[PDB]
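Numbering of ligands and ligand atoms starts at 1, following listing order. Throughout, residue positions are numbered sequentially from 1 according to the sequence presented.
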Amino acid sequence: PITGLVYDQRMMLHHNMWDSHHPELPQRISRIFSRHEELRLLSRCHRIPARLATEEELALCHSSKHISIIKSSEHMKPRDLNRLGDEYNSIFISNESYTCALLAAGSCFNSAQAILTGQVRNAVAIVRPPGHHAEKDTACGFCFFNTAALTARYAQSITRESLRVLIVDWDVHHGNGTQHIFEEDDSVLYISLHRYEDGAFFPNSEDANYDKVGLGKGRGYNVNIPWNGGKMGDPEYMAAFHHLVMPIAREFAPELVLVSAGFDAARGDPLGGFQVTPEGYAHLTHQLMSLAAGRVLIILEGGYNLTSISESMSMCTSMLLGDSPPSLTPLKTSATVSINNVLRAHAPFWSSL
Ligand SMILES: O=C(CCCCC[SeH])Nc1ccccc1
Ligand SMILES: [K+]
Ligand SMILES: [K+]
Ligand SMILES: [Zn+2]
């Protein structure tokens with residue numbers, strides 16, 4: 001068994017020139033990488049090369065219009081970069097942004113290809129900027145192209161149209177773009193746990209509520225697990241995996257598992273307010289590894305506490321490498337309510353619930 005790892009310093013070039021302390025920092029990926037070195041996890045992995053996604057690969061999920069406007073920013077003046085960035089919800093743009101978003105998608109394509117052709121069994125991708133908020137026609141929430149959605153489609157392009165792909169999004173924010181891209185799709189199962197607060201939490205839409213189960217052929221194939229009422233942690237996430245995520249994934253029988261692995265639900269995160277521990281992310285990784293013959297790709301998304309996200313993603317890689325999971329309580333009342341609301345809403349589609 002070989003675990004793959006992809007990381008390219010060039011993805012650090014994406015930067016906010018008006019606010020050097022914006023939390024989507026270049027140092028997010030370099031701090032994670034260094035800790036993988038310090039923990040001797042990088043030497044245990046097979047290094048997968050990064051590459052630029054092609055426009056034809058970007059068109060798998062994104063419209064020509066959206067690609068060409070993000071593309072045009074590569075040659076923009078700072079005034080135009082500021083104006084363009086302000087046109088979106090929570091976006092900053094620099095001249096290198098487009099390039100880095102291409103590298104983040106291509107790095108994951110290469111990783112999914114390594115998994116699917118048997119070169120590695122599983123893989124971890126330390127990439128930025130994130131993508132789960134990116135729609136087919138819009139950039140949003142620090143995301144430009146939806147790296148996880150593109151990798152699902154890329155994976156099917158190099159295998160077959162009907163490849164079954166499970167995207168688990170344990171980023172603290174709802175992946176609105178991933179849900180929308182696959183909302184009418186029964187070949188890609190989307191499962192998102194996320195702080196909701198009746199829509200008061202970013203991305204601030206009721207599309208994230210438990211009653212959004214998909215559309216058309218895709219009904220049943222979108223599972224939203226929204227949290228209400230303050231800090232959640234390991235017990236809430238483990239119970240959601242026990243009653244929901246893992247029963248549904250087993251009935252779905254994914255052939256490939258992609259993890260939209262934001263770490264902004266970890267303690268110390270200012271954009272999450274949760275307390276999921278590094279040991280908890282290790283158990284979520286371990287449980288997902290029981291699916292799809294272990295074919296798991298962990299794609300970095302959010303996560304803004306440099307220490308918490310380096311510790312957390314290190315724990316996940318260690319689980320992929322096969323290390324014994326570490327030792328790891330009553331749920332808050334609203335978490336019980338959230339879980340049973342998802343349970344009742346998806347009972348029609350998943351008989352094992
Ligand atoms: O939280 C965000 C964006 C964070 C997205 C997580 C990307 Se994974 N933006 C905001 C907008 C208005 C007021 C307060 C915050
Ligand atoms: K999520
Ligand atoms: K779906
Ligand atoms: Zn997030």
Side-chain angles (χ1 to χ4, degrees), residues 22-25 28 61 89-91 127-134 140-143 146-149 152-153 156 162-197 201-205 207-210 212-227 232 236-237 240-241 244-245 248-249 251-252 254 256 258-266 268-274 276 281 284 288 298-305 308-309 312-313 338 342 346 349-350:
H22 186 289
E24 205 294 89
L25 288 163
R28 295 175 59 252
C61 298
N89 194 0
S90 305
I91 285 287
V127 296
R128 66 181 291 273
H132 74 151
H133 296 301
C140 171
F142 317 159
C143 307
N146 196 321
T147 297
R153 294 305 197 195
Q156 304 177 320
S162 72
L163 188 76
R164 296 188 302 271
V165 176
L166 165 70
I167 300 183
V168 169
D169 188 336
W170 73 40
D171 192 298
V172 80
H173 300 92
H174 185 241
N176 52 288
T178 316
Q179 164 176 303
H180 291 149
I181 286 164
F182 301 108
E183 207 163 14
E184 261 188 313
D185 192 356
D186 55 15
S187 78
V188 176
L189 178 64
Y190 184 59
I191 300 186
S192 178
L193 318 90
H194 45 271
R195 184 166 186 184
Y196 180 56
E197 310 288 6
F201 208 71
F202 187 87
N204 302 102
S205 180
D207 295 352
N209 209 359
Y210 64 86
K212 265 54 172 201
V213 305
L215 301 180
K217 299 163 177 292
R219 302 195 344 116
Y221 293 77
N222 188 94
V223 179
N224 274 339
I225 304 177
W227 307 116
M232 303 294 171
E236 287 78 19
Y237 277 72
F241 263 66
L244 295 157
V245 177
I248 298 174
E251 192 172 347
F252 179 69
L256 175 73
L258 309 188
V259 187
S260 278
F263 295 104
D264 41 11
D269 198 296
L271 281 130
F274 284 6
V276 179
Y281 286 115
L284 302 191
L288 292 174
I298 294 174
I299 303 169
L300 175 67
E301 291 270 10
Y304 304 102
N305 186 290
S308 305
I309 70 181
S312 280
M313 201 170 190
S338 291
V342 186
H346 277 278
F349 316 98
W350 304 103

Between CD of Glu301 and CG of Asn146, what distance do you get to the nearest 0.5 Å? 7.0 Å
Worked check of side chain to side chain donor-acceptor pair (under 3.5 Å) between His133 and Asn89: CA-CA 10 Å; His133 296 301; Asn89 194 0; over 6 Å; no
Side chain to side chain contact (heavy atoms under 4.5 Å, CB included) for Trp170 and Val259? Distances and angles first, verdict last. CA-CA 7 Å; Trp170 73 40; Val259 187; 3.7 Å; yes
Report the C-alpha distance between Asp185 and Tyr221 in whole Å, list the side-chain angles of each, state the deciding distance to 0.1 Å, and finish with yes or no for side chain to side chain donor-acceptor pair (under 3.5 Å). CA-CA 7 Å; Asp185 192 356; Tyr221 293 77; over 6 Å; no
With a cut-off of 3.4 Å, does any N, O or S atom of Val188 fall short of it relative to the K ion (ligand 3)? yes
Within rounding of 10°, what is the angle whose vertex is the K ion (ligand 3) and whose arms end at O of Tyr221 and O of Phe182? 150°
Would you call the rings of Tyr237 and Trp227 parallel, tilted or perpendicular, where under 30° means parallel and over 60° means perpendicular? tilted
Working to the nearest 0.5 Å, report the span between CG of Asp207 and OG of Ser192. 12.0 Å
Check the K ion (ligand 2) and write out every protein N, O or S atom at under 3.4 Å, as residue and atom. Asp169 O, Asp169 OD1, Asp171 O, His173 O, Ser192 OG, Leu193 O
What one should report as the nearest heavy-atom pair of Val172 and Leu271 is CG1-O, 3.6 Å
Atom pair CD1/CE of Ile298 and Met313 - distance to nearest 0.5 Å: 6.5 Å
For the Zn ion (ligand 4), every protein N/O/S atom that sits closer than 2.8 Å, waters excluded: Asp171 OD1, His173 ND1, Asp264 OD2
Heavy atoms, side chains only, cut-off 4.5 Å: are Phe349 and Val223 in contact? no
Gap between atom OG of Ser260 and atom NE2 of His174 - 0.5 Å precision: 11.0 Å
Do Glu236 and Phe274 have side chains that get closer than 4.5 Å, going by heavy atoms? no
Under 3.4 Å: N/O/S of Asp185 next to the K ion (ligand 3): yes
Within the stated cut-off of 3.4 Å, is an N/O/S atom of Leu189 closer than that to the K ion (ligand 3)? no
